[PDB]
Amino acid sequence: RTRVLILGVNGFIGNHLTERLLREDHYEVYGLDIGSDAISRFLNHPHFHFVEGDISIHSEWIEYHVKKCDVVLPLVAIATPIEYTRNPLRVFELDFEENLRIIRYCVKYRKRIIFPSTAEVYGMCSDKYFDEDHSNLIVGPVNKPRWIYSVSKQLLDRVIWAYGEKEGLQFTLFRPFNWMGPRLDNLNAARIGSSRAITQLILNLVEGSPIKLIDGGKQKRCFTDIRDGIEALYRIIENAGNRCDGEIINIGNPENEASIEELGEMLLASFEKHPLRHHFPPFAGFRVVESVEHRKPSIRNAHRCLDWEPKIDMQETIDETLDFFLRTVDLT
């Protein structure tokens, strides 16, 4: 069976991907992280192996597992917006430098790497549909620190593309668009995966704080149920016909589009009608605050390379992600 190394497995994508692979009979999962609370249900599984580790501290221990495995998925990164500008140097040392080491182990040992790039790479691209192969990337002046996350991830994509071109590194890059469902990552966890926007709004509802709408909350985003999203990540791992080699694939549901304001409304509506509503404080309302306007993905590469098409409707994802969250909260 194919050995899949998940770096930063203790989280949203790690949980769902693991469930998926183990469901199959030809995969061996090595989940590396500093903790396992989020994937404890798998610790006893015969084909799951927890590996104590940290990509910032361990050098050798990780290089070892890269050589021991077949496919590598680096999920450790700081993707929370505040942090970009808050502690830029850390975001750069972890997201860029540490991940580069791992990218390099993959080329050294000729392993396949499935790397999570970001939709932020497109920046303020004017295309209505962000295309992995044709869209230009637009960012602000350097005096706008907000873009350091975007440009860093973008440089990594280029470095990977360079290794694939000059050193035969086998790879596939994927760009997730607001993945959501049960088991969302903690808002401050350095594991990429769950949509931060919906995690934040649900927290607002759960804690009784207002839903901040920046400049009206008119910016639009696309939401993807994790059942759809993880199904695509799964096929990238399958790599039928090797169609994913050297590819950059957007993974999101372009039909689930909503402004932050509408998202807040749908969430609130589903919240009010929920059985456990009474255990949460009263809604604090929407606060308009004023200190990227659209992010719709082209999914032609996913159709082509994966024969994938998102099947879950917006409401369904909304209701299920909120439901699971509310029933998981520790009221004491």
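Heads up: residue numbers just count along the shown sequence, starting at 1.
| request: Classify the number of deposited-sequence residues missing from the model between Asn44 and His45: none, 1 to 3, 4 to 9, or 10 or more. | output: Gap size class: none, per the record.
| field | Residue range whose averaged C-alpha B-factor is higher in the record, 85-93 or 70-78 | value | Higher of the two, by average CA B-factor, is 85-93.
| field | Selected stretch [higher average CA B-factor]: 229-237 or 210-218 | value | 210-218 has the higher mean C-alpha B-factor.
| query | Whose C-alpha has the highest temperature factor in the PDB entry: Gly168, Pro182, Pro176, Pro145? | reply | Of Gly168, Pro182, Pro176, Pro145, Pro145 has the highest C-alpha B-factor.
| message | Maximum C-alpha temperature factor per the entry, among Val288, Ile55, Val29, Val51, belongs to which one? | response | Going by the entry's C-alpha B-factors, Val288 comes out highest.
| said: Among the modelled residues of this chain, does the Cα B factor of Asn188 put it in the lowest, middle or highest third? | reply: Within its chain, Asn188 is a highest-third residue by C-alpha B-factor, going by the deposited values.
| Going by the entry, which third of its chain does the Cα temperature factor of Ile13 land in? | It belongs to the lowest third of the chain when residues are ordered by C-alpha B-factor.
| message | Using only modelled residues of the chain, where does the Cα B factor of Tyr64 rank: lowest third, middle third or highest third? | response | For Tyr64, the deposited C-alpha B-factor lands in the lowest third.
| With respect to C-alpha B-factor, does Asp37 fall in the lowest, middle or highest third of the chain as deposited? | Ranked within chain, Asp37 CA B lands in the highest tercile.
| field | CA B-factor placement of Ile260, once the chain's modelled residues are sorted into thirds | value | Answer is highest: the recorded C-alpha B-factor places it there.
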